[PDB]
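S.K.: Got a structure for you, target_28.cif, holding mmCIF, C-alpha atoms.
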data_data
loop_
_atom_site.label_atom_id
_atom_site.label_comp_id
_atom_site.auth_asym_id
_atom_site.auth_seq_id
_atom_site.Cartn_x
_atom_site.Cartn_y
_atom_site.Cartn_z
CA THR A 200 -1.94 -58.41 -29.98
CA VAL A 201 1.05 -58.80 -27.68
CA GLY A 202 4.44 -59.52 -29.23
CA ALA A 203 6.10 -58.66 -32.54
CA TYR A 204 3.57 -57.21 -34.99
CA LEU A 205 4.50 -56.98 -38.66
CA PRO A 206 3.02 -53.98 -40.52
CA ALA A 207 1.35 -54.68 -43.84
CA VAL A 208 2.17 -52.99 -47.15
CA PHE A 209 -0.80 -50.60 -47.04
CA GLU A 210 -0.88 -50.04 -43.25
CA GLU A 211 1.25 -47.07 -42.20
CA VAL A 212 2.33 -47.60 -38.59
CA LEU A 213 2.29 -44.30 -36.68
CA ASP A 214 2.92 -44.86 -32.97
CA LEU A 215 2.39 -47.17 -30.00
CA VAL A 216 -0.54 -46.56 -27.65
CA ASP A 217 -0.31 -47.56 -23.98
CA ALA A 218 -3.24 -48.18 -21.66
CA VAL A 219 -4.06 -45.98 -18.66
CA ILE A 220 -4.06 -47.56 -15.20
CA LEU A 221 -7.20 -46.66 -13.24
CA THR A 222 -6.67 -46.59 -9.49
CA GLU A 223 -9.60 -46.23 -7.09
CA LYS A 224 -8.65 -42.55 -6.60
CA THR A 225 -8.64 -41.77 -10.34
CA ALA A 226 -10.94 -41.91 -13.36
CA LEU A 227 -10.61 -41.32 -17.10
CA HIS A 228 -12.45 -38.49 -18.87
CA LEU A 229 -13.28 -39.34 -22.49
CA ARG A 230 -15.05 -37.38 -25.22
CA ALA A 231 -16.28 -39.33 -28.24
CA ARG A 232 -14.87 -38.32 -31.62
CA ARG A 233 -17.67 -39.95 -33.63
CA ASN A 234 -20.54 -42.41 -33.24
CA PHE A 235 -19.21 -45.80 -32.09
CA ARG A 236 -19.53 -48.49 -29.42
CA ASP A 237 -17.01 -48.72 -26.58
CA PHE A 238 -15.73 -51.81 -24.77
CA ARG A 239 -18.68 -52.01 -22.37
CA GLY A 240 -21.01 -52.09 -25.37
CA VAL A 241 -22.92 -48.80 -25.23
CA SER A 242 -23.36 -46.50 -28.21
CA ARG A 243 -21.96 -42.96 -28.24
CA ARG A 244 -22.53 -39.73 -30.04
CA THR A 245 -20.09 -37.14 -31.28
CA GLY A 246 -18.97 -34.71 -28.58
CA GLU A 247 -20.57 -36.76 -25.79
CA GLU A 248 -18.37 -37.16 -22.71
CA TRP A 249 -18.35 -39.81 -19.99
CA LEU A 250 -16.15 -41.33 -17.28
CA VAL A 251 -14.36 -44.67 -17.01
CA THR A 252 -13.69 -46.03 -13.52
CA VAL A 253 -12.07 -49.06 -11.91
CA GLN A 254 -15.44 -50.83 -11.90
CA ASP A 255 -15.15 -51.03 -15.71
CA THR A 256 -11.48 -51.90 -16.32
CA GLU A 257 -8.29 -51.88 -14.28
CA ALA A 258 -6.51 -50.47 -17.35
CA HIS A 259 -8.16 -48.80 -20.34
CA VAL A 260 -6.46 -48.09 -23.67
CA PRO A 261 -7.48 -44.78 -25.30
CA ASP A 262 -9.49 -45.70 -28.38
CA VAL A 263 -9.12 -43.77 -31.63
CA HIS A 264 -12.84 -42.96 -31.46
CA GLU A 265 -12.22 -41.41 -28.01
CA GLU A 266 -10.35 -38.34 -26.78
CA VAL A 267 -8.39 -38.15 -23.53
CA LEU A 268 -9.47 -34.97 -21.75
CA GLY A 269 -7.69 -35.66 -18.46
CA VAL A 270 -7.55 -37.82 -15.36
CA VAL A 271 -10.29 -36.99 -12.85
CA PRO A 272 -9.14 -37.35 -9.21
CA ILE A 273 -11.69 -38.58 -6.69
CA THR A 274 -13.48 -36.14 -4.38
CA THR A 275 -13.65 -37.57 -0.86
CA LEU A 276 -15.64 -36.01 1.99
CA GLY A 277 -15.13 -36.78 5.65
CA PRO A 278 -17.97 -37.11 8.13
CA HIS A 279 -17.43 -33.43 9.00
CA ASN A 280 -17.54 -32.15 5.41
CA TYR A 281 -20.09 -31.15 2.79
CA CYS A 282 -20.05 -29.71 -0.72
CA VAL A 283 -22.34 -28.22 -3.37
CA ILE A 284 -22.29 -29.64 -6.90
CA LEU A 285 -22.95 -27.10 -9.65
CA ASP A 286 -25.07 -28.51 -12.49
CA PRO A 287 -25.64 -32.03 -11.11
CA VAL A 288 -26.30 -34.95 -13.45
CA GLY A 289 -29.95 -35.95 -13.31
CA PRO A 290 -31.66 -39.30 -13.92
CA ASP A 291 -31.49 -38.73 -17.69
CA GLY A 292 -27.70 -38.35 -17.66
CA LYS A 293 -27.82 -34.71 -18.69
CA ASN A 294 -26.62 -31.86 -16.50
CA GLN A 295 -29.34 -29.91 -14.70
CA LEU A 296 -27.94 -26.50 -15.58
CA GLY A 297 -28.54 -23.76 -13.03
CA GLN A 298 -29.57 -26.04 -10.16
CA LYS A 299 -27.33 -27.28 -7.34
CA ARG A 300 -27.01 -30.41 -5.22
CA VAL A 301 -25.76 -30.60 -1.62
CA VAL A 302 -23.68 -33.65 -0.67
CA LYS A 303 -22.97 -34.35 3.00
CA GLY A 304 -21.31 -37.05 5.07
CA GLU A 305 -18.63 -39.64 4.41
CA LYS A 306 -18.86 -40.00 0.63
CA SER A 307 -16.43 -40.48 -2.24
CA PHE A 308 -17.36 -39.64 -5.82
CA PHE A 309 -16.04 -38.33 -9.12
CA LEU A 310 -17.05 -34.96 -10.58
CA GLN A 311 -18.88 -36.09 -13.70
CA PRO A 312 -18.35 -34.01 -16.87
CA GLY A 313 -20.18 -30.73 -16.44
CA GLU A 314 -20.41 -30.95 -12.66
CA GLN A 315 -18.38 -28.56 -10.51
CA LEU A 316 -18.00 -27.68 -6.85
CA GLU A 317 -19.45 -24.32 -5.84
CA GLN A 318 -16.59 -23.47 -3.48
CA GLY A 319 -14.79 -26.77 -2.80
CA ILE A 320 -14.82 -29.02 0.23
CA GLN A 321 -16.59 -27.28 3.12
CA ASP A 322 -17.02 -28.21 6.77
CA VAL A 323 -20.45 -28.47 8.36
CA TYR A 324 -21.64 -26.12 11.10
CA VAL A 325 -21.33 -27.83 14.48
CA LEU A 326 -22.82 -25.64 17.21
CA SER A 327 -22.97 -25.78 20.99
CA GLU A 328 -25.81 -24.45 23.12
CA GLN A 329 -23.88 -21.16 23.49
CA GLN A 330 -23.80 -20.76 19.69
CA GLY A 331 -26.45 -20.04 17.10
CA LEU A 332 -27.02 -19.38 13.42
CA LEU A 333 -29.21 -16.66 11.93
CA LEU A 334 -30.18 -17.69 8.41
CA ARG A 335 -32.82 -16.65 5.90
CA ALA A 336 -34.77 -18.69 3.38
CA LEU A 337 -34.65 -18.03 -0.36
CA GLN A 338 -37.58 -20.21 -1.49
CA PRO A 339 -40.62 -21.72 0.25
CA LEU A 340 -39.12 -24.79 1.90
CA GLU A 341 -40.25 -27.68 4.09
CA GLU A 342 -37.92 -29.50 6.49
CA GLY A 343 -39.17 -32.26 8.78
CA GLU A 344 -36.19 -32.56 11.12
CA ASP A 345 -38.55 -33.45 13.97
CA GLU A 346 -41.93 -35.20 13.78
CA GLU A 347 -43.68 -31.93 12.94
CA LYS A 348 -43.07 -29.92 9.76
CA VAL A 349 -41.86 -26.31 9.85
CA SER A 350 -42.61 -24.10 6.84
CA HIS A 351 -40.81 -20.89 5.89
CA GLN A 352 -41.59 -18.23 3.31
CA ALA A 353 -39.14 -16.78 0.79
CA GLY A 354 -37.92 -14.06 3.17
CA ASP A 355 -38.42 -15.61 6.60
CA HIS A 356 -35.48 -15.36 8.98
CA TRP A 357 -35.10 -17.83 11.82
CA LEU A 358 -32.45 -18.87 14.32
CA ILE A 359 -30.77 -22.28 14.54
CA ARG A 360 -29.45 -23.02 18.03
CA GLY A 361 -28.43 -25.88 20.27
CA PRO A 362 -25.99 -28.78 20.29
CA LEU A 363 -26.30 -30.01 16.71
CA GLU A 364 -24.50 -30.27 13.39
CA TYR A 365 -26.01 -28.10 10.64
CA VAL A 366 -25.36 -28.27 6.90
CA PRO A 367 -26.76 -25.35 4.86
CA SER A 368 -29.48 -26.27 2.40
CA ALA A 369 -29.65 -25.14 -1.22
CA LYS A 370 -32.55 -22.77 -0.48
CA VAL A 371 -31.13 -21.48 2.84
CA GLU A 372 -28.54 -18.71 3.16
CA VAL A 373 -26.59 -18.20 6.39
CA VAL A 374 -26.77 -14.59 7.58
CA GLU A 375 -24.96 -14.44 10.92
CA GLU A 376 -23.49 -16.58 13.69
CA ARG A 377 -24.76 -15.76 17.18
CA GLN A 378 -23.23 -16.28 20.61
CA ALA A 379 -25.20 -16.23 23.85
CA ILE A 380 -24.51 -13.34 26.23
CA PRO A 381 -23.59 -14.58 29.74
CA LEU A 382 -25.56 -12.50 32.24
CA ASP A 383 -25.42 -12.81 36.01
CA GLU A 384 -28.55 -12.25 38.07
CA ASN A 385 -29.40 -8.54 38.43
CA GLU A 386 -27.65 -7.94 35.09
CA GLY A 387 -29.22 -7.47 31.69
CA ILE A 388 -29.29 -5.96 28.22
CA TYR A 389 -31.67 -3.79 26.19
CA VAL A 390 -33.05 -5.74 23.23
CA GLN A 391 -35.26 -4.11 20.59
CA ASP A 392 -37.73 -6.34 18.77
CA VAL A 393 -37.29 -4.64 15.38
CA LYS A 394 -40.38 -6.38 13.99
CA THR A 395 -42.57 -4.37 16.38
CA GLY A 396 -40.02 -1.95 17.86
CA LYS A 397 -40.80 -2.75 21.51
CA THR B 200 17.80 -72.30 -11.30
CA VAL B 201 20.93 -72.11 -9.15
CA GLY B 202 24.31 -72.53 -10.82
CA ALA B 203 25.68 -71.76 -14.28
CA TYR B 204 22.88 -70.86 -16.69
CA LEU B 205 23.60 -70.84 -20.42
CA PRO B 206 21.67 -68.22 -22.43
CA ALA B 207 19.96 -69.41 -25.58
CA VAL B 208 20.40 -67.93 -29.06
CA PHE B 209 17.15 -65.92 -28.98
CA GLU B 210 17.17 -65.05 -25.25
CA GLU B 211 18.95 -61.76 -24.56
CA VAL B 212 20.25 -61.83 -20.98
CA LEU B 213 19.87 -58.41 -19.35
CA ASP B 214 20.73 -58.55 -15.64
CA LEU B 215 20.64 -60.64 -12.48
CA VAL B 216 17.77 -60.20 -10.02
CA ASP B 217 18.30 -60.84 -6.30
CA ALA B 218 15.57 -61.61 -3.78
CA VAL B 219 14.62 -59.28 -0.92
CA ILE B 220 14.98 -60.54 2.65
CA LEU B 221 11.84 -59.87 4.70
CA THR B 222 12.52 -59.41 8.40
CA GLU B 223 9.69 -59.21 10.92
CA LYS B 224 10.18 -55.41 11.05
CA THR B 225 9.92 -54.96 7.27
CA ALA B 226 7.52 -55.66 4.41
CA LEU B 227 7.60 -55.36 0.62
CA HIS B 228 5.34 -52.94 -1.27
CA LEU B 229 4.45 -54.20 -4.75
CA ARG B 230 2.32 -52.72 -7.53
CA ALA B 231 1.22 -55.06 -10.31
CA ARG B 232 2.34 -54.19 -13.83
CA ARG B 233 -0.32 -56.33 -15.55
CA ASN B 234 -2.83 -59.08 -14.79
CA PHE B 235 -1.03 -62.16 -13.46
CA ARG B 236 -0.87 -64.63 -10.56
CA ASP B 237 1.78 -64.29 -7.86
CA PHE B 238 3.53 -67.03 -5.88
CA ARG B 239 0.74 -67.39 -3.31
CA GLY B 240 -1.70 -68.02 -6.16
CA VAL B 241 -4.00 -64.99 -6.17
CA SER B 242 -4.87 -63.03 -9.30
CA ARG B 243 -3.94 -59.36 -9.69
CA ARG B 244 -5.00 -56.40 -11.72
CA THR B 245 -2.97 -53.64 -13.30
CA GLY B 246 -2.05 -50.87 -10.87
CA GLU B 247 -3.25 -52.85 -7.84
CA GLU B 248 -0.88 -52.71 -4.87
CA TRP B 249 -0.39 -55.08 -1.94
CA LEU B 250 2.10 -56.07 0.75
CA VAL B 251 4.32 -59.13 1.19
CA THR B 252 5.32 -60.08 4.74
CA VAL B 253 7.39 -62.74 6.49
CA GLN B 254 4.27 -64.90 6.83
CA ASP B 255 4.42 -65.40 3.04
CA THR B 256 8.14 -65.86 2.30
CA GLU B 257 11.38 -65.26 4.15
CA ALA B 258 12.83 -63.92 0.88
CA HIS B 259 10.84 -62.72 -2.14
CA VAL B 260 12.28 -62.11 -5.61
CA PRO B 261 10.78 -59.10 -7.44
CA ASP B 262 8.76 -60.53 -10.32
CA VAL B 263 8.74 -58.86 -13.73
CA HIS B 264 4.94 -58.51 -13.41
CA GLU B 265 5.52 -56.59 -10.14
CA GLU B 266 7.04 -53.22 -9.27
CA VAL B 267 9.10 -52.51 -6.16
CA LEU B 268 7.70 -49.35 -4.59
CA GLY B 269 9.70 -49.52 -1.35
CA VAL B 270 10.26 -51.36 1.90
CA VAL B 271 7.56 -50.66 4.48
CA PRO B 272 8.90 -50.56 8.07
CA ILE B 273 6.65 -51.87 10.81
CA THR B 274 4.67 -49.48 13.01
CA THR B 275 4.84 -50.61 16.64
CA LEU B 276 2.80 -49.07 19.46
CA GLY B 277 3.57 -49.44 23.14
CA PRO B 278 0.92 -49.91 25.80
CA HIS B 279 1.02 -46.12 26.33
CA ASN B 280 0.58 -45.19 22.66
CA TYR B 281 -2.20 -44.75 20.12
CA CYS B 282 -2.51 -43.63 16.51
CA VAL B 283 -5.08 -42.67 13.88
CA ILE B 284 -5.01 -44.38 10.48
CA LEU B 285 -6.12 -42.18 7.58
CA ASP B 286 -8.17 -44.10 4.98
CA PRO B 287 -8.22 -47.53 6.67
CA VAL B 288 -8.60 -50.69 4.61
CA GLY B 289 -12.08 -52.13 5.05
CA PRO B 290 -13.37 -55.70 4.80
CA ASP B 291 -13.44 -55.44 0.99
CA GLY B 292 -9.74 -54.60 0.78
CA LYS B 293 -10.37 -51.10 -0.53
CA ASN B 294 -9.46 -47.95 1.34
CA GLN B 295 -12.32 -46.20 3.13
CA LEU B 296 -11.41 -42.73 1.90
CA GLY B 297 -12.24 -39.88 4.26
CA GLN B 298 -12.84 -42.01 7.35
CA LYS B 299 -10.33 -42.71 10.13
CA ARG B 300 -9.51 -45.57 12.48
CA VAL B 301 -8.09 -45.29 16.00
CA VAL B 302 -5.59 -47.97 17.08
CA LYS B 303 -4.63 -48.25 20.75
CA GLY B 304 -2.54 -50.53 22.93
CA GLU B 305 0.41 -52.81 22.34
CA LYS B 306 0.06 -53.53 18.62
CA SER B 307 2.40 -53.95 15.66
CA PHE B 308 1.21 -53.55 12.09
CA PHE B 309 2.19 -52.38 8.62
CA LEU B 310 0.70 -49.30 6.96
CA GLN B 311 -1.11 -50.92 4.04
CA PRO B 312 -1.00 -49.07 0.69
CA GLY B 313 -3.22 -46.02 0.96
CA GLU B 314 -3.24 -45.94 4.75
CA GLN B 315 -1.44 -43.14 6.58
CA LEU B 316 -1.01 -41.90 10.13
CA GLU B 317 -2.84 -38.68 10.95
CA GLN B 318 0.00 -37.27 13.06
CA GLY B 319 2.23 -40.25 13.90
CA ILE B 320 2.63 -42.21 17.11
CA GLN B 321 0.78 -40.46 19.94
CA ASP B 322 0.65 -41.11 23.67
CA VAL B 323 -2.65 -41.66 25.47
CA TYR B 324 -4.00 -39.24 28.07
CA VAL B 325 -3.33 -40.60 31.56
CA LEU B 326 -4.96 -38.39 34.18
CA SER B 327 -4.92 -38.21 37.96
CA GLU B 328 -7.81 -37.06 40.13
CA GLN B 329 -6.30 -33.54 40.12
CA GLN B 330 -6.44 -33.46 36.30
CA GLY B 331 -9.28 -33.31 33.82
CA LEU B 332 -10.10 -33.05 30.13
CA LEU B 333 -12.68 -30.76 28.55
CA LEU B 334 -13.68 -32.21 25.20
CA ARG B 335 -16.54 -31.73 22.75
CA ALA B 336 -18.32 -34.21 20.52
CA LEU B 337 -18.45 -33.87 16.74
CA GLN B 338 -21.13 -36.49 15.96
CA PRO B 339 -23.86 -38.21 17.98
CA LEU B 340 -21.91 -40.91 19.79
CA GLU B 341 -22.55 -43.72 22.27
CA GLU B 342 -19.91 -45.01 24.67
CA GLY B 343 -20.68 -47.70 27.24
CA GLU B 344 -17.59 -47.42 29.43
CA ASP B 345 -19.68 -48.35 32.47
CA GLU B 346 -22.81 -50.51 32.61
CA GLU B 347 -25.00 -47.57 31.61
CA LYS B 348 -24.80 -45.78 28.25
CA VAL B 349 -24.07 -42.05 27.98
CA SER B 350 -25.23 -40.23 24.85
CA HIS B 351 -23.90 -36.92 23.54
CA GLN B 352 -25.14 -34.61 20.80
CA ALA B 353 -23.01 -33.09 18.04
CA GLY B 354 -22.04 -30.04 20.12
CA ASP B 355 -22.19 -31.33 23.68
CA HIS B 356 -19.20 -30.52 25.87
CA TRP B 357 -18.38 -32.66 28.87
CA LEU B 358 -15.50 -33.14 31.30
CA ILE B 359 -13.39 -36.29 31.70
CA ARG B 360 -11.83 -36.55 35.15
CA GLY B 361 -10.34 -39.05 37.56
CA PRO B 362 -7.55 -41.61 37.68
CA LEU B 363 -7.87 -43.18 34.23
CA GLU B 364 -6.20 -43.50 30.84
CA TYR B 365 -8.10 -41.79 28.02
CA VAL B 366 -7.61 -42.20 24.27
CA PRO B 367 -9.46 -39.66 22.08
CA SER B 368 -12.15 -41.12 19.86
CA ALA B 369 -12.63 -40.35 16.18
CA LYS B 370 -15.77 -38.30 16.89
CA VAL B 371 -14.38 -36.56 20.01
CA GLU B 372 -12.15 -33.47 19.96
CA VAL B 373 -10.15 -32.45 23.02
CA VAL B 374 -10.73 -28.79 23.92
CA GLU B 375 -8.81 -28.13 27.13
CA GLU B 376 -6.95 -29.82 29.98
CA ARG B 377 -8.16 -28.86 33.45
CA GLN B 378 -6.42 -28.88 36.83
CA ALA B 379 -8.23 -28.80 40.16
CA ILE B 380 -7.81 -25.64 42.25
CA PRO B 381 -6.58 -26.45 45.79
CA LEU B 382 -8.69 -24.42 48.23
CA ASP B 383 -8.34 -24.38 52.00
CA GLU B 384 -11.42 -24.03 54.17
CA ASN B 385 -12.72 -20.44 54.28
CA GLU B 386 -11.21 -19.92 50.81
CA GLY B 387 -12.98 -19.95 47.48
CA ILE B 388 -13.40 -18.77 43.90
CA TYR B 389 -16.13 -17.10 41.84
CA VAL B 390 -17.39 -19.46 39.13
CA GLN B 391 -19.90 -18.36 36.50
CA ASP B 392 -22.15 -21.03 35.00
CA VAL B 393 -22.08 -19.59 31.47
CA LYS B 394 -24.98 -21.81 30.40
CA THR B 395 -27.30 -19.89 32.74
CA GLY B 396 -25.02 -17.05 33.87
CA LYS B 397 -25.53 -17.62 37.61
#
Could you render the structure as structure tokens?
M.R.:
Amino acid sequence: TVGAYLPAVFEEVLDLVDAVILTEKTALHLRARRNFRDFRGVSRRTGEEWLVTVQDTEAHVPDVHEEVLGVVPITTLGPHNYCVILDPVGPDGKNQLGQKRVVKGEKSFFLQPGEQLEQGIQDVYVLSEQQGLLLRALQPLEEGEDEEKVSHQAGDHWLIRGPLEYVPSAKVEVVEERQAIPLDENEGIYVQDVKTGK
Amino acid sequence: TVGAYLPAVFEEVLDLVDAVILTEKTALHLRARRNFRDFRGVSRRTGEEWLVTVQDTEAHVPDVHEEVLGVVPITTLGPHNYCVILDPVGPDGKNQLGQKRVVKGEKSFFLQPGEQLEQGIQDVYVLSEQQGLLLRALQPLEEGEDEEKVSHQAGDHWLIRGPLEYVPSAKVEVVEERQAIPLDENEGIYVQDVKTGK
């Protein structure tokens, strides 16, 4: 209640609490102290953590049943950026521990409690026709970039080449970047097909 | 109220507040302190920021529900200038974080809260027929400068040449400036087409 508030006889006044302003680039990280219901009207459990954003309130006052863990800055990715989220939050709202999620493109989001970037904000691989990527699979994967479907086994190497932008998948590890060798006519190199040795 | 104002018994007078004169080359940056309605008659939210220009008031007095963040000088571009706006304000009034907007020509505007110039005021590329630009794409882009449409892939290089003024696009990165080689008859150079090596 705004204004002059008179304490009662049996109500020890401790301190004033001020709300936290939530800008579009910031969010509030709160851990519940006990079972209660917040302002939006959803029940909580002890130790459970969640985020409060501008879409809820412009300013949020830290409740006694809540704990301020810190302000979470937004993570923004340009069109030339991608990132890997460690332990992404699944449909059930619980972290999928061990797994990873790859986020690409122009996207802005908050790292939900538990989630973490594998290495930070990374830039996608944009390659010309004189450049190429040697990269090996780590699990049997399917990728229908074109109309047809190409399948790879858990150890299959293959080369990505051409004018295109490539973002590494979760099951794909990049081995080596390749550059074409400019050869004039009547010039050449000796290449050994190590699979057969020829 | 202009003139001599007598304070009441319960109204502690603190200080005088003077309005801010808004010239056409200046604007006022205000962050709301709480939910209220300003002089124009639009509601605000805590922490929300906006701009006040000459088209609103010649002079604006800083309200108690508002915070003076600073005077925003105008950004003016000549006909030979262009700039890139980091995090432009979209149709919804919120910053499009990560993206960029390219502004070209004779234009005057104010950097809205959140927006920022990538490198400042830049001059466009004006080229003669003895000059050229080598520049690579970064995303699949379409540009109908002529009647036909030319499409480029994410790694395609191509050369811009001729008497023309060029402003770099958001998806286009300039690689190198080229100059024609003046050759007399019975003179020449050895050029290697690195794509094929011939």
S.K.: Enumerate, as a PyMOL selection string, the residues matched when the PyMOL selection byres ((chain B) within 8 of (chain A)) is run on the file above.
M.R.: chain B and resi 244-247+296-298+337-338+352-356+391+393-397
S.K.: Let me know the residues the PyMOL selection byres ((chain A and resi 299) around 6) catches in the file above, as a list in words.
M.R.: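 What the PyMOL selection byres ((chain A and resi 299) around 6) grabs from the file is residues 284, 285, 286, 298 and 300 of chain A.
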S.K.: On this file, the PyMOL selection byres ((chain B and resi 316) around 7) gives some set of residues; write that set as a VMD selection string.
M.R.: chain B and resid 282 to 285 315 317 to 319
S.K.: Would you mind listing what lies within 10 Å of residue 263 (chain A) as a PyMOL selection string, with all atoms listed in the file counted and same-chain residues fewer than 2 positions away left out?
M.R.: chain A and resi 216+231-233+260-261+265-267
S.K.: Calculate how many Å separate CA of residue 347 (chain A) from CA of residue 360 (chain A), rounding to one decimal.
M.R.: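 Result for CA of residue 347 (chain A) versus CA of residue 360 (chain A): 17.5 Å, one decimal.
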